[PDB]
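Engineer: Pasting an experimental structure with its sequence.
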Amino acid sequence: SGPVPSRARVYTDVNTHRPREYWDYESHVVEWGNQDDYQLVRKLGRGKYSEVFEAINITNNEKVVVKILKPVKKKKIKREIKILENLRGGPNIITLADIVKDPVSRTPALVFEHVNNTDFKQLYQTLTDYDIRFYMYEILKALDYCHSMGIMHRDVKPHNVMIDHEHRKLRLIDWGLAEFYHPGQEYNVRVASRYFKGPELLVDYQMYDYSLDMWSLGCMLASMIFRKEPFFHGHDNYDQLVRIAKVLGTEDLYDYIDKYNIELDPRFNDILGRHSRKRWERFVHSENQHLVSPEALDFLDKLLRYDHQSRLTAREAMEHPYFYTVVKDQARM
Ligand SMILES: Brc1ccc(Br)c2[nH]nnc12
Ligand SMILES: Brc1ccc(Br)c2[nH]nnc12
Ligand SMILES: [Cl-]
Ligand code: NA
């Protein structure tokens, strides 16, 4: 028999209740602007799918970020545009300002309202306890928002969090792997960066949901409170599940496999072995103990579960005692 079907615990049917045109990005008609409205100033970065530049809008002299898309399926480009348009104005979501083509090359580009190219990866191994809680809460605002809008990011990692530490402002960027959640849809498991991949991706369980982002968030949290980058340090996608199994234990892994009737790749048969579930105290030492509290460990434990349905939702996470002082200070301000 096949894998047991799965549904999101929250925001299950939000796209069903929308007009077709909200989520049917293949049918979306883009009005392409003129990249000659922008002059590129300098290169910020370069991923697999894009080169990113600081630029000037010559019309209003405003600084913007231009993301030149490396050639790719028209389908992926419409998906990213539609998701960015749907989420525009959401808390801690990057703002799409324009969609343009170079008049000569006809290469498509996305124009975003300016953010500094200071990613969380550059800052997140040097934060105070309070600032980890503060920025984690800001990321949760973006995730609860996109999940509530029927979208999963699928590439949550420190590089995709841009932070202005001076102004205590955060933006979740790079929506190029994001998808719409539809109940019963089987998704591509070749998403996310190795160290942040949820167990569903690693065992090829395709009927996943928003909870994938909550695993990635747990990987980030573990890295930061333990000063261990990355927390799960696999050599490849097979060894990645072994690194998880040595922490979360094999009993819960095989119970998860059984629960969803997952057909485990035979490569796993000799490498997973037999491992106890480790107490988090095992990762605490003199250099990180100031970042680790009962609150932090209780919260982390409820993000890093094999069973995607078990993980906290973004809103449940925001309700956790770990954030009580952040929530109190926000109200005060
Ligand atoms: Br690097 C970098 C900086 C700002 C934005 Br907005 C980005 N989007 N993708 N990569 C980005
Ligand atoms: Br990095 C970064 C993040 C969020 C905001 Br809002 C920013 N404004 N300038 N630079 C920013
Ligand atoms: Cl990263
Ligand atoms: Na401590």
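Structural biologist: Perfect, thanks for sending it. Numbers count the residues shown, from 1 in each chain. Ligands and ions are numbered 1, 2, ... in the order given.
Engineer: Would you mind naming the helix or strand containing residue 53?
Structural biologist: Assigned by DSSP states H and E, residue 53 belongs to strand 50-57.
Engineer: Assign a three-state SS to the residue in the chain sticking out farthest from the centre, would you?
Structural biologist: The centre of the chain is farthest from one residue, residue 104, which by CA atoms, centre = their mean lies 34.5 Å away. Assigned with DSSP: H, G, I helix; E, B strand; the rest coil, residue 104 falls in the coil class.
Engineer: repeat for residue 247
Structural biologist: Following three-state DSSP, we place residue 247 in the helix state.
Engineer: Now the closest residue to it other than its chain neighbours: which helix or strand?
Structural biologist: Once flanking residues are discounted, residue 247 sits nearest to residue 278: 5.3 Å by CB to CB, 6 or more residues apart in numbering. To be clear about C-beta, it is placed using only N, CA and C from the backbone, and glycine gets the same treatment. For residue 278, there is no host helix or strand (DSSP H and E).
Engineer: In contact with residue 278, which residues are there?
Structural biologist: Residue 278 sits next to 246, 247, 248, 249 when contact means CB atoms under 8 Å, 6 or more residues apart in numbering.
Engineer: Out of those, the closest to ligand 3 would be?
Structural biologist: Within these, the smallest distance to ligand 3 is 19.5 Å, found for residue 247 (CB to the ion).
Engineer: before we move on, back to that, PyMOL command for the buried members of the contacts of residue 278?
Structural biologist: Burial among the contacts of residue 278 is assessed by 16 or more other CB atoms under 10 Å; the matching PyMOL selection reads:
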select buried, resi 246+247+248+249
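Engineer: what sits against the closest residue to ligand 4 within the stretch 51-200 of the chain?
Structural biologist: Here the stretch 51-200 of the chain gets closest to ligand 4 at one residue, residue 129, 8.4 Å apart by CB to the ion. Applying CB under 8 Å, 6+ apart to residue 129 gives the contacts 290, 291, 293, 296.
Engineer: quick one: the last one and residue 132, what's the gap?
Structural biologist: When you say that, I think you mean residue 296. As judged by CB to CB, to the nearest Å, residue 296 and residue 132 stand 8 Å apart.
Engineer: Looking at these two, which is more packed in?
Structural biologist: Using other CB atoms under 10 Å, the more surrounded residue of residue 296 and residue 132 is residue 296, with 23 against 18.
Engineer: excluding its backbone neighbours, what's nearest the more buried one?
Structural biologist: residue 225 (5.1 Å).
Engineer: near ligand 4, which residues of this structure show up?
Structural biologist: Taking CB under 5 Å from the ion as the criterion, the chain approaches ligand 4 at residues 289, 292.
Engineer: Helices of the chain, start to end?
Structural biologist: 20-23, 74-87, 120-123, 129-148, 199-202, 211-226, 237-248, 250-259, 294-301, 314-318, 324-332 (DSSP state H).
Engineer: Now do the longest one and helix 211-226, the angle between them.
Structural biologist: So that's helix 129-148. 170 degrees (axes from the mean of the first three to the mean of the last three CA atoms, to 10 degrees).
Engineer: Return the distance of helix 129-148 from the chain's centre.
Structural biologist: Offset of helix 129-148 from its chain centre (CA atoms, centre = their mean, to the nearest Å): 11 Å.
Engineer: cool, stretch 23-43 as well?
Structural biologist: 23 Å.
Engineer: ok, now stretch 146-157?
Structural biologist: 7 Å.
Engineer: does any bit of that stretch sit next to ligand 1?
Structural biologist: No: between stretch 146-157 and ligand 1, judged by CB under 6 Å from any ligand atom, nothing touches; the nearest distance is 10.5 Å.
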